[PDB]
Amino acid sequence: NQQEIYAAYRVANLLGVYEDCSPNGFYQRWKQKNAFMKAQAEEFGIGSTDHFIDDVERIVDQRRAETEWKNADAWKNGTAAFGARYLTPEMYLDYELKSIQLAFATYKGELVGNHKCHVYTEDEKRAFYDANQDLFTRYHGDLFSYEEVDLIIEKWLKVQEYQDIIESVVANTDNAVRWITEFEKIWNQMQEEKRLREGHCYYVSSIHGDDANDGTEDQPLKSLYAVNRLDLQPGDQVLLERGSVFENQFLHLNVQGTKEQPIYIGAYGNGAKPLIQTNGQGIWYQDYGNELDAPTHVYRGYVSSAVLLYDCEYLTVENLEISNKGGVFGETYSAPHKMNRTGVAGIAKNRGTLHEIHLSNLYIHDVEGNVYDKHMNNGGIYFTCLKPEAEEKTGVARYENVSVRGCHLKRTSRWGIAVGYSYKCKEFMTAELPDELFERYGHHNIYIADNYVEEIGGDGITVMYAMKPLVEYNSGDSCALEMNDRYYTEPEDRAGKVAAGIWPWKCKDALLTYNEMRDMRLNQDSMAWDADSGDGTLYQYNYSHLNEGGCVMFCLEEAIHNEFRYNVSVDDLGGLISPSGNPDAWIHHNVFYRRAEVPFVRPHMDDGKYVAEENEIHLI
């Protein structure tokens, strides 16, 4: 709320987080950040997909072939461009609120204004450990030792002290009314600037429409059910009116454009993005048609999805707000078989390769999916491939030329953004992954960029079964919030109580670059980066800060040909690198800032093979 924002900037001013903690100060930092990214970031992947999506694999090869640290001096002096290249007002406000909280969590000063900063004693931190054992078990139920979580407990206690100061300032509320009044005007201006930056045409208006209308702008349709019944054709557009709220509704589409005449779903008019408020409706039946990589993963069942793109092609969906809240009768939040829920679900099944599906500038929040299930279409955005009715007739279900750009996810469970999990998973159960597997079964030209993921129950961003995916210029914070026994109460036989930030699964020669991940929430994993099972993963030019499981993992015997170079890690906790049973990892020409009592190699995930050389390791 407005009083909490006011309070946060009062604390920012006392900590010296920003020079100008007025509403205008906020506006100017927002404009400066967006201008900086526009001036300094790479240009590839900005603007219309038709100008770049066929070149993803080429630009990946060019970047993988780099022989020196691009703009090393900016990286090393703290002026490099990374994370999302455009921050919406909502992304940017949340980014700064997280910055202020983390600055409190690391402040060493005696006072914040008249607040005496508490010094957490060993007895107090041990008391918290003994009272919160459900936060400190690992994948197999074994406890982190107190010594392994001491500094994390201190961070958590300082974050709670920060949150208590905010509630104190809210309770004690003159120049607050002034600050809030000006902020409201600044916010409205920022919304106008964001909005400016944005076949048959069908118009839908929840307020003004009628489903008996022809769907022109003057006589728009009323509901998404009417859209679900349209025989959309190549070149058609469906435009949902800004200010619309589609209560309990959903968009479930099975439509194909062409390359020359794609279909477009987007917004028209003035005001807030149209809101698809699915509230647990929008039921469909998911069935992969065979067991997945582990026999315990759930692979069939009903799913609720706000947007379902079922065998769609040559379709862009843009400028929608989506939620998918549960809370139906009989349901509890951590129930073992709570329904899987998606914001946007993509499915390939009966059309072989699906081409040219693009998501853009979606705001997806409060998707309350099953806490546990990893590969149902469960989370903010989840694209999967199911066994075809008749693969010999219609071909392998898979993706080509697919992008997810400029999306803001907040409070989605389980996944944030996941693209590519396939019924063909058992074809990839070797360490080395020949290109032929991707030619037959895998995805091509997959591009995930300029997204913002925050407050995610599980993993932030994952790409699966793709050749040379490019995952870049994404910002994340505070993922893996539910990967602990307090929320992960009834896993049954599914295990899976782990998450990392932004990572590839069973990809070939993936490139993850120019990403930013902060404040991952403790679990056995909880690092920013994860060269997981797959072949050739490269991370370069990524920024990580205050992740509770450290900087980067190399996970087990099928995580092969891993390289980690030209990254910056600032005050990651637990331990910087997690080479856990991996066969190789080349970790070179990075910069790490670690506390003396945070080890370079993380405890219990230290028995893999790696070459660490030419790294700059600073003590802080």
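All residue numbers are counted from 1 along the displayed sequence.
*Asks:* Our gap detector needs a label for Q277 to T278. Which class matches the unmodelled residues of the deposited sequence there: none, 1 to 3, 4 to 9, or 10 or more?
*Replies:* Going from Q277 to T278, the model skips no residues of the deposited sequence.
*Asks:* Counting only residues from the deposited sequence, how many are left out of the model between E198 and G199 (none, 1 to 3, 4 to 9, 10 or more)?
*Replies:* Per the deposited record, the segment joining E198 and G199 lacks coordinates for 10 or more residues.
*Asks:* Please compare 1-9 with 611-619 and name the stretch with the higher mean C-alpha B-factor in the deposited structure.
*Replies:* Taking the mean C-alpha B-factor of 1-9 and of 611-619, the larger value falls to 1-9.
*Asks:* Taking only the CA atoms, which stretch has the higher mean B-factor in the record, 229-237 or 302-310?
*Replies:* Looking at the recorded C-alpha B-factors, 229-237 comes out higher on average.
*Asks:* Determine which member of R341, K185, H408, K506 has the highest CA B-factor, using the values in the deposited entry.
*Replies:* Across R341, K185, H408, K506, the entry lists the biggest C-alpha B-factor for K185.
*Asks:* According to the Cα B-factor stored in this entry, which of the following is highest: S526, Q540, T430, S223?
*Replies:* Most elevated C-alpha B-factor of the set, per the entry: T430.
*Asks:* Could you place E68 in the lowest, middle or highest third of its chain by Cα temperature factor, using the values in the record?
*Replies:* For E68, whose C-alpha B-factor we compare with every modelled residue in the chain, the answer is the highest third.
*Asks:* Among the chain's modelled residues, which third holds the C-alpha B-factor of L251?
*Replies:* Middle third of the chain for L251's C-alpha B-factor.
*Asks:* Would you mind checking where the Cα B-factor of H337 ranks among the modelled residues of its chain, as the lowest, middle or highest third?
*Replies:* Lowest third, going by the recorded CA B-factors of the chain.
*Asks:* Quick check for you: using the entry's CA B-factors within this chain, is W179 in the lowest, middle or highest third?
*Replies:* It belongs to the highest third of the chain when residues are ordered by C-alpha B-factor.
*Asks:* Lowest, middle or highest third of the chain for the C-alpha temperature factor of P434?
*Replies:* Within its chain, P434 is a highest-third residue by C-alpha B-factor, going by the deposited values.
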